[PDB]
Structures are given as C-alpha cells and as structure tokens.
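Shown here: query.tsv, TSV, C-alpha atoms and all ligand atoms.
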```
chain	number	residue	atom	x	y	z
A	1	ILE	CA	225.78	35.27	94.25
A	2	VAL	CA	227.90	35.34	97.40
A	3	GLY	CA	229.59	38.63	98.24
A	4	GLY	CA	228.11	40.51	95.29
A	5	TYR	CA	225.96	43.65	95.18
A	6	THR	CA	222.33	44.32	94.19
A	7	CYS	CA	222.18	45.20	90.47
A	8	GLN	CA	220.49	48.43	89.43
A	9	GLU	CA	216.94	47.67	88.32
A	10	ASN	CA	216.96	46.14	84.83
A	11	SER	CA	220.70	46.87	84.31
A	12	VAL	CA	221.23	43.27	83.12
A	13	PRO	CA	218.31	43.01	80.60
A	14	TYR	CA	219.50	39.70	79.13
A	15	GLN	CA	219.20	37.84	82.42
A	16	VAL	CA	216.28	35.45	82.59
A	17	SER	CA	214.88	33.32	85.39
A	18	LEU	CA	213.90	29.71	84.73
A	19	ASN	CA	210.75	28.98	86.75
A	20	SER	CA	209.23	25.55	87.48
A	21	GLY	CA	206.77	26.90	90.02
A	22	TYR	CA	209.80	28.49	91.72
A	23	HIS	CA	213.08	30.02	90.50
A	24	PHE	CA	215.59	27.19	89.99
A	25	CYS	CA	218.13	28.42	87.42
A	26	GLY	CA	219.13	31.43	85.34
A	27	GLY	CA	219.90	32.05	81.69
A	28	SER	CA	220.76	34.56	78.98
A	29	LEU	CA	218.50	35.79	76.16
A	30	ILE	CA	220.51	35.57	72.93
A	31	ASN	CA	217.71	36.57	70.53
A	32	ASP	CA	213.97	37.29	70.66
A	33	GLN	CA	213.12	33.57	70.88
A	34	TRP	CA	216.17	31.76	72.25
A	35	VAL	CA	217.78	31.54	75.68
A	36	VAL	CA	221.01	29.73	76.56
A	37	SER	CA	221.38	28.03	79.95
A	38	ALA	CA	223.07	25.04	81.60
A	39	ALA	CA	222.23	21.47	80.63
A	40	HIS	CA	222.05	20.62	84.33
A	41	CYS	CA	219.04	22.97	84.58
A	42	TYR	CA	216.95	20.74	82.32
A	43	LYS	CA	213.30	20.13	83.19
A	44	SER	CA	210.52	18.91	80.87
A	45	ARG	CA	208.44	22.06	81.47
A	46	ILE	CA	209.96	25.50	82.06
A	47	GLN	CA	208.50	29.01	82.19
A	48	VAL	CA	211.09	31.65	81.26
A	49	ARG	CA	210.74	34.99	83.04
A	50	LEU	CA	212.19	38.14	81.47
A	51	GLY	CA	212.43	41.74	82.69
A	52	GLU	CA	212.88	40.60	86.28
A	53	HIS	CA	214.52	42.40	89.18
A	54	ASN	CA	212.55	41.42	92.27
A	55	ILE	CA	211.80	37.76	91.60
A	56	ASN	CA	208.91	37.73	94.11
A	57	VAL	CA	207.14	41.01	93.26
A	58	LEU	CA	205.28	42.17	90.13
A	59	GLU	CA	206.86	45.44	89.02
A	60	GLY	CA	205.42	45.93	85.54
A	61	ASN	CA	208.32	44.96	83.25
A	62	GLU	CA	207.92	41.18	83.32
A	63	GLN	CA	207.30	38.92	80.37
A	64	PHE	CA	206.54	35.29	81.24
A	65	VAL	CA	207.02	32.92	78.31
A	66	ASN	CA	206.92	29.13	78.26
A	67	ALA	CA	209.69	27.03	76.78
A	68	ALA	CA	208.68	25.21	73.59
A	69	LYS	CA	211.95	23.38	72.83
A	70	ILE	CA	214.45	22.50	75.55
A	71	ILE	CA	217.64	21.24	73.92
A	72	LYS	CA	220.57	19.95	76.01
A	73	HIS	CA	223.96	19.61	74.41
A	74	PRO	CA	224.02	16.05	72.94
A	75	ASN	CA	227.35	15.36	74.63
A	76	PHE	CA	226.47	16.66	78.07
A	77	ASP	CA	228.03	14.40	80.69
A	78	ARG	CA	226.10	14.71	83.96
A	79	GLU	CA	228.97	13.32	86.03
A	80	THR	CA	231.72	15.70	84.87
A	81	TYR	CA	229.48	18.59	83.82
A	82	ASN	CA	231.38	18.68	80.54
A	83	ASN	CA	229.36	20.37	77.76
A	84	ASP	CA	227.03	21.83	80.38
A	85	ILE	CA	225.11	23.98	77.93
A	86	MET	CA	221.46	23.96	76.92
A	87	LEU	CA	219.31	25.99	74.52
A	88	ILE	CA	215.68	26.98	75.08
A	89	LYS	CA	213.33	28.08	72.28
A	90	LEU	CA	210.48	30.18	73.66
A	91	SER	CA	206.92	29.41	72.54
A	92	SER	CA	206.76	32.94	71.10
A	93	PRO	CA	209.13	35.88	70.53
A	94	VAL	CA	209.43	38.39	73.36
A	95	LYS	CA	209.12	42.16	73.08
A	96	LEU	CA	212.66	43.48	73.12
A	97	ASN	CA	213.18	46.75	75.02
A	98	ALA	CA	215.22	48.50	77.74
A	99	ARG	CA	214.52	45.91	80.44
A	100	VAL	CA	214.44	42.99	77.98
A	101	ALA	CA	217.45	42.89	75.67
A	102	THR	CA	219.68	40.33	74.02
A	103	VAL	CA	223.35	39.59	74.83
A	104	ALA	CA	226.07	38.93	72.24
A	105	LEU	CA	227.77	35.60	71.58
A	106	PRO	CA	231.58	35.56	71.93
A	107	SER	CA	233.56	36.45	68.82
A	108	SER	CA	236.60	34.94	70.56
A	109	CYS	CA	237.63	33.34	73.86
A	110	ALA	CA	238.40	36.01	76.46
A	111	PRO	CA	241.96	36.10	77.84
A	112	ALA	CA	242.67	35.41	81.51
A	113	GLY	CA	242.53	38.70	83.41
A	114	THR	CA	239.38	39.95	81.67
A	115	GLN	CA	236.87	41.48	84.09
A	116	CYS	CA	233.37	40.04	83.70
A	117	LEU	CA	229.90	40.48	85.17
A	118	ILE	CA	228.10	37.56	86.83
A	119	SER	CA	224.47	37.85	87.94
A	120	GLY	CA	221.71	35.75	89.46
A	121	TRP	CA	219.07	35.05	92.10
A	122	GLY	CA	221.07	32.17	93.57
A	123	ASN	CA	222.26	31.44	97.09
A	124	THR	CA	223.99	34.40	98.75
A	125	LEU	CA	225.70	32.57	101.63
A	126	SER	CA	229.03	30.76	101.85
A	127	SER	CA	227.43	28.35	104.34
A	128	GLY	CA	223.73	27.57	104.56
A	129	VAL	CA	221.11	28.93	102.18
A	130	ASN	CA	219.52	32.33	101.55
A	131	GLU	CA	217.67	33.02	98.30
A	132	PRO	CA	217.50	36.76	97.54
A	133	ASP	CA	214.55	38.66	96.08
A	134	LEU	CA	216.60	41.12	94.06
A	135	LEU	CA	218.99	40.28	91.23
A	136	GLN	CA	222.56	40.09	92.55
A	137	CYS	CA	225.67	41.15	90.64
A	138	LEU	CA	229.36	40.34	90.88
A	139	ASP	CA	232.41	41.70	89.10
A	140	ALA	CA	234.99	38.93	88.76
A	141	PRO	CA	238.05	38.26	86.58
A	142	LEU	CA	238.59	35.30	84.29
A	143	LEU	CA	241.27	33.13	85.91
A	144	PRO	CA	244.29	31.45	84.27
A	145	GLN	CA	243.66	27.84	83.24
A	146	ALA	CA	246.67	26.74	85.31
A	147	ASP	CA	244.96	28.03	88.48
A	148	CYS	CA	241.67	26.45	87.47
A	149	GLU	CA	243.28	23.03	86.93
A	150	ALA	CA	245.32	23.36	90.13
A	151	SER	CA	242.13	23.97	92.12
A	152	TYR	CA	240.30	21.04	90.50
A	153	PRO	CA	242.85	18.27	89.66
A	154	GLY	CA	241.65	16.03	86.84
A	155	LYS	CA	238.24	17.69	86.55
A	156	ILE	CA	238.75	20.77	84.39
A	157	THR	CA	238.18	20.13	80.69
A	158	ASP	CA	238.88	22.60	77.85
A	159	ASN	CA	235.17	23.44	77.79
A	160	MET	CA	235.44	24.86	81.30
A	161	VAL	CA	236.95	28.07	82.63
A	162	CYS	CA	237.33	29.39	86.17
A	163	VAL	CA	236.14	32.88	87.04
A	164	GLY	CA	236.38	34.43	90.47
A	165	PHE	CA	238.76	34.85	93.35
A	166	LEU	CA	241.22	32.32	94.72
A	167	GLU	CA	240.95	33.98	98.15
A	168	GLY	CA	237.22	33.26	98.45
A	169	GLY	CA	234.40	35.44	99.76
A	170	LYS	CA	232.82	36.23	96.36
A	171	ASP	CA	231.43	33.62	93.95
A	172	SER	CA	228.33	32.32	92.17
A	173	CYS	CA	226.36	29.57	93.95
A	174	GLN	CA	223.40	27.18	93.57
A	175	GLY	CA	220.49	28.92	91.86
A	176	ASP	CA	222.82	31.06	89.73
A	177	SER	CA	223.37	27.98	87.57
A	178	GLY	CA	222.65	28.52	83.89
A	179	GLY	CA	223.29	32.22	84.44
A	180	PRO	CA	225.55	34.58	82.40
A	181	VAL	CA	229.22	35.47	82.61
A	182	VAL	CA	229.46	38.55	80.42
A	183	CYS	CA	232.75	40.20	79.56
A	184	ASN	CA	232.78	43.39	77.47
A	185	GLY	CA	229.27	42.78	76.18
A	186	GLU	CA	229.78	39.14	75.17
A	187	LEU	CA	228.66	35.96	76.92
A	188	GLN	CA	231.90	34.14	77.81
A	189	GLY	CA	230.59	31.73	80.42
A	190	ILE	CA	227.61	29.94	81.95
A	191	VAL	CA	227.40	29.16	85.68
A	192	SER	CA	228.09	25.44	85.92
A	193	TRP	CA	229.68	24.12	89.11
A	194	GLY	CA	232.22	24.40	91.91
A	195	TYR	CA	233.21	22.98	95.28
A	196	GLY	CA	231.16	24.80	97.88
A	197	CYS	CA	230.43	28.50	97.53
A	198	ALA	CA	232.89	31.37	97.93
A	199	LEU	CA	235.54	29.11	99.47
A	200	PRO	CA	239.27	29.95	99.27
A	201	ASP	CA	241.09	28.02	96.55
A	202	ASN	CA	237.78	26.83	95.11
A	203	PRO	CA	236.68	29.31	92.40
A	204	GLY	CA	233.55	28.77	90.33
A	205	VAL	CA	233.72	26.71	87.15
A	206	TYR	CA	231.87	27.87	84.06
A	207	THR	CA	231.09	26.47	80.62
A	208	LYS	CA	233.38	28.10	78.03
A	209	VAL	CA	230.79	29.51	75.59
A	210	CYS	CA	233.31	30.43	72.89
A	211	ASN	CA	233.68	26.68	72.22
A	212	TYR	CA	229.99	26.36	71.33
A	213	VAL	CA	229.20	29.33	69.08
A	214	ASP	CA	228.87	27.03	66.06
A	215	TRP	CA	226.65	24.46	67.81
A	216	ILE	CA	224.41	27.26	69.10
A	217	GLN	CA	223.90	28.82	65.66
A	218	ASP	CA	223.50	25.45	63.93
A	219	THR	CA	220.87	24.35	66.46
A	220	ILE	CA	218.97	27.64	66.31
A	221	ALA	CA	218.92	27.39	62.50
A	222	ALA	CA	217.85	23.74	62.55
A	223	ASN	CA	215.02	24.37	65.03
A	301	CA	CA	209.24	40.91	89.46
```
Can you give me the file's structure in the form of structure tokens?
Amino acid sequence: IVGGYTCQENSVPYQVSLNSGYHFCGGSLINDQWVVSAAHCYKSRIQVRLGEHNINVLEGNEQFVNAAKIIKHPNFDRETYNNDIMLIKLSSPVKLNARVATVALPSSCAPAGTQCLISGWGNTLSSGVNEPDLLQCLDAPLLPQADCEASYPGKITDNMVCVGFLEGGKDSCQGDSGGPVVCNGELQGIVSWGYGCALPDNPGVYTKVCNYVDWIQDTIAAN
C-alpha cells in the first residue's frame, strides 16, 4: 500500500496473508474455512495466516492454516487478468473471534463514488521496493468506469473496476495482490493489477467481486 496508513492492530480481521515461506499475496476470509484471493496468486502449496498485524513478529493472535483446495476461476486469463479470482479451502476451520472474523460478500455492485478500505502488506513505495512489517490501510473511492477505461484503453473488462486516485500518490501495489477492497462491510474488489504503483492517471485495477457471488457460493457448496 503506497501512501496509506498503519491499520490499528486487528482492525481488519478478515485480512489474511498467503505464505509460501514468505508473504506473497493477501486475501479475505469469507467463512470459517474459505478465503477468496486472486488467481494470479496461485501456488501448489500455500499456508494461510490469520490474525496478523506484524507479519514478522509473533504477537499471540495468529492462526496458521494450510490450504487444502486451491481453486482458480476456470476462465482466468493470465494475459489480461480477466476473472482474476481464486478460492482457497483451508484444511480445517479457524477459530472465529475479534482478530479473526469473516467479511461479507456483495449484495450488489457498489456505485462509483463509494469510499472503500484497501489493506495489505505489499510494497509501500511508488518507485523501488519496501515491504512493511505492519498491515497498511488505505481509504480510496471507487472510480467511474469511464475513467478506468480511459486510463487503460482496451484492457478494462466488465469484471474489473478501478479504485483509487487519478492524481497518484496513494494506491495498492505488488504484494497487496489478492487482498480486499471492502466498502460498507462488503467485499467489492480484489487487488489485481495496474501500471506501476501510485502513478498519476494510472489507478489500481481490481476484480469486480459482485460479478462472482454465484460462482463463489456454487464452488463452496460443490467442494
Ligand atoms: Ca504476527
């Protein structure tokens, strides 16, 4: 998260860290045994870490659970990042509590102008790389599709939505990928891609979760 602020300890209890020996992506807990992330964060073996704040220090609220089923969206296109959504079934249900809680699926697609919360342990710089220890937060509005398409000519599909600032400075970045975009208590987006990080006229692009509610539920029920 570039230009964000450090989140209060455990204030985003649905945020999870995908670990493959190191933190590589983020995700959202949608129920005691399922996490939703980005298809581009796929790895054959993943350890999901819940109740995290400081990613490099044991604080007492952590719950490390291994992924049992890693399911990428069948129509994920790695070149366009279309359908960049993935589901992870944990090997066992987690203990839900204050620092480990679920986030709601969207009942509808949020209108442009809605203020959302983005969080993650991704890169904090607009140039170069700096991975933070503490969970970063960012308050950003959902942008109009016209502005999204104008920023990325011929690359924005209807399963993508831009969130952020056209003037730059604040944005999600590598490492935040798979992470949550929560507006009014509902998961509206998933960190997917973007040109650079926090650059003017290049807002972040996110997977439009409201288009996948059915697939999510169907898959959870079928697995
Ligand atoms: Ca920790």
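Among A:121, A:206, A:81, A:34, the residue with the shortest atom-to-atom distance to ligand CA 301 (chain A), counting all atoms listed in the file, is A:121.
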Exercise for the section: Enter the distance from atom CA of residue 154 of chain A to atom CA of residue 84 of chain A, in Å, rounded to one decimal. Expected result: 17.0 Å
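With only the atoms specified (all atoms listed in the file) counting, those residues at most 8 Å away from (238.9, 30.8, 98.2) are residues 165, 166, 167, 168, 169, 198, 199, 200, 201, 202 and 203 of chain A.
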Completion exercise
Shortest contact to residue 72 of chain A, candidates A:215, A:193, A:42, A:152, atoms counted all atoms listed in the file, goes to A:42
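Contacts with ligand CA 301 (chain A) are defined as any residue atom within 10 Å of a ligand atom, using only C-alpha atoms and all ligand atoms; the residues meeting this criterion are residues 49, 50, 51, 52, 53, 54, 55, 56, 57, 58, 59, 60, 61, 62, 63, 133, 134 and 135 of chain A.
Here the question is which of A:15, A:210, A:38, A:197 gets nearest to residue 127 of chain A using all atoms listed in the file, and that residue is A:197.
Nearest to residue 212 of chain A of all the residues A:111, A:194, A:120, A:189 is A:189, counting all atoms listed in the file.
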Problem - Closest of A:74, A:87, A:131, A:163 to residue 113 of chain A - atom-to-atom distances counting only C-alpha atoms - result: A:163
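You can rank A:37, A:188, A:19, A:11 by their closest distance to residue 85 of chain A using all atoms listed in the file, and at the top of that list sits A:37.
Atom pair atom CA of residue 182 of chain A / atom CA of residue 161 of chain A: separated by 13.1 Å.
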Problem - Sel. within 7 Å of pt (203.0, 29.1, 78.8), counting all atoms listed in the file, output as a count of residues only - result: 3
For residue 156 of chain A, please output as a tab-separated table (two decimals) with C-alpha atoms, keeping the file's coordinate frame all residues within 10 Å (counting all atoms listed in the file; exclusion window: fewer than 2 positions along the same chain).
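Saved result, out30.tsv, follows:
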```tsv
chain	number	residue	atom	x	y	z
A	80	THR	CA	231.72	15.70	84.87
A	81	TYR	CA	229.48	18.59	83.82
A	82	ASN	CA	231.38	18.68	80.54
A	145	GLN	CA	243.66	27.84	83.24
A	146	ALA	CA	246.67	26.74	85.31
A	148	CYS	CA	241.67	26.45	87.47
A	149	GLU	CA	243.28	23.03	86.93
A	150	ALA	CA	245.32	23.36	90.13
A	151	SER	CA	242.13	23.97	92.12
A	152	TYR	CA	240.30	21.04	90.50
A	153	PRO	CA	242.85	18.27	89.66
A	154	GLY	CA	241.65	16.03	86.84
A	158	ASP	CA	238.88	22.60	77.85
A	159	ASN	CA	235.17	23.44	77.79
A	160	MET	CA	235.44	24.86	81.30
A	161	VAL	CA	236.95	28.07	82.63
A	162	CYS	CA	237.33	29.39	86.17
A	205	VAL	CA	233.72	26.71	87.15
A	206	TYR	CA	231.87	27.87	84.06
```
Completion exercise
Correct to one decimal, the distance atom CA of residue 128 of chain A-atom CA of residue 14 of chain A is 28.5 Å
